[PDB]
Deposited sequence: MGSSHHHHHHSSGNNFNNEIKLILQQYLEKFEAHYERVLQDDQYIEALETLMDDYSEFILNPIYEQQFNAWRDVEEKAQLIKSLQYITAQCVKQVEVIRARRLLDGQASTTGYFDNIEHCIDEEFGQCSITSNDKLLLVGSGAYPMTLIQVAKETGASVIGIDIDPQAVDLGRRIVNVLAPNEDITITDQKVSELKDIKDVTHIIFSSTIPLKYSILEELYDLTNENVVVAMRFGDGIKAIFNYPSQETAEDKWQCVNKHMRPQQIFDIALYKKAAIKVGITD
C-alpha cells in the first residue's frame, strides 16, 4: 500500500499545480509535457507496475486511479489546444501506422473510418487519412476541439476526405457506411458509446478501443466488460512499453 499510494498522491498534487499554471499561462506547457513524460516512464517501469499490482486496497485505490485519469485527461486536452493554437497563430503549413491497430482488419481507400474523440490537434486522424486514403469522420463533444481540428485539417490535409463534427454517433447520417472505428483512450463515455454503436453500425464493422488497465489506468480510461452477445473482443494488443493498449471488437 504505503509506497505506491504516496507516489500516486504526489503525482496528483504535481498535476494540480502544473495544470492550474498552464491555464493561467501557456508558457508552462513545456513543464507539464515533461511531467507527462516522467509519469509515462513511471507507469511503464516494471518496479512500479509490481508495487501497483501488490496494493490490494479496493476503495482508496479505485478513487485515486479515477482522480488521476480525469486530471491527466484534462492535461492531454490542454496540450492539444495549445499546440493547435500555436500552429493556427503561425498560419503556416511517426513511429507507428494507425492501420497497425486493426491487425488483419486492414484499411483501404474504399473504407470509411470514424474516430471518436478527434481532439484539437488531430494528428492521428490526419495520419490515417493520408496513409490509407480512406474517408474519415472525427467527432468531438468540445466545439473548441471541433473548430481547431477542422481548421488544422484544412491547413495540413486539404486534399484528404475528412469531416470533423460535434455530432453524437446517433446523429451521424452516414454511420451505416463506416467500416472502422477508433476510440481515443481518454474518453470517459467510450464504452457507453460502443454499446450505442451496435444498433447504428453495419454487421462487419470493426472497432479499435484504446485503453489502459492496471497501472496504465492512471493515464487512460480502462477496458470494460461488454454485452457478450453484442461486441466480442476478437483481439487484445498489449505491450509493456506502450502507454495505451488496444482491444479489437467485432459483432457476434
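If you line the structure up with the deposited chain, the stretches without a C-alpha atom are 1-16, 110-116, 276-283.
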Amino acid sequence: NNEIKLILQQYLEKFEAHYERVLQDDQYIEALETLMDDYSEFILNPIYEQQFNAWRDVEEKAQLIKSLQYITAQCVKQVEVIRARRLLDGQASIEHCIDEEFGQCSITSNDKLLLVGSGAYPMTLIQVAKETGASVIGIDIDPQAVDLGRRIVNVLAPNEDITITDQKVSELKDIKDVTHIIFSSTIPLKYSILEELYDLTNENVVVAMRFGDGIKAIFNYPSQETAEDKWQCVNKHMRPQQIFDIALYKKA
From here on, numbers count along this sequence of modelled residues.
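Note on 74-82 vs 169-177: mean CA B-factor is higher in 169-177. The question of which stretch, 5-13 or 238-246, has the higher mean Cα B factor is settled in favour of 238-246. Of the candidates 29, 43, 208, 189, the one whose C-alpha carries the top B factor in the deposited record is 29. Considering 162, 123, 182, 148 together, the PDB entry gives 123 the largest C-alpha B factor. Among all modelled residues in its chain, residue 132 ranks in the middle third by Cα B-factor. Annotation for residue 69: C-alpha temperature factor in the lowest third relative to the rest of the modelled chain, per the entry.
Residue 116: CA B factor in the lowest third of modelled residues in this chain (values from the PDB entry). Residue-level temperature factors show residue 61 in the middle third of its chain, judged at the C-alpha atom. The entry lists a Cα temperature factor for residue 47 that places it in the highest third of the chain's modelled residues.
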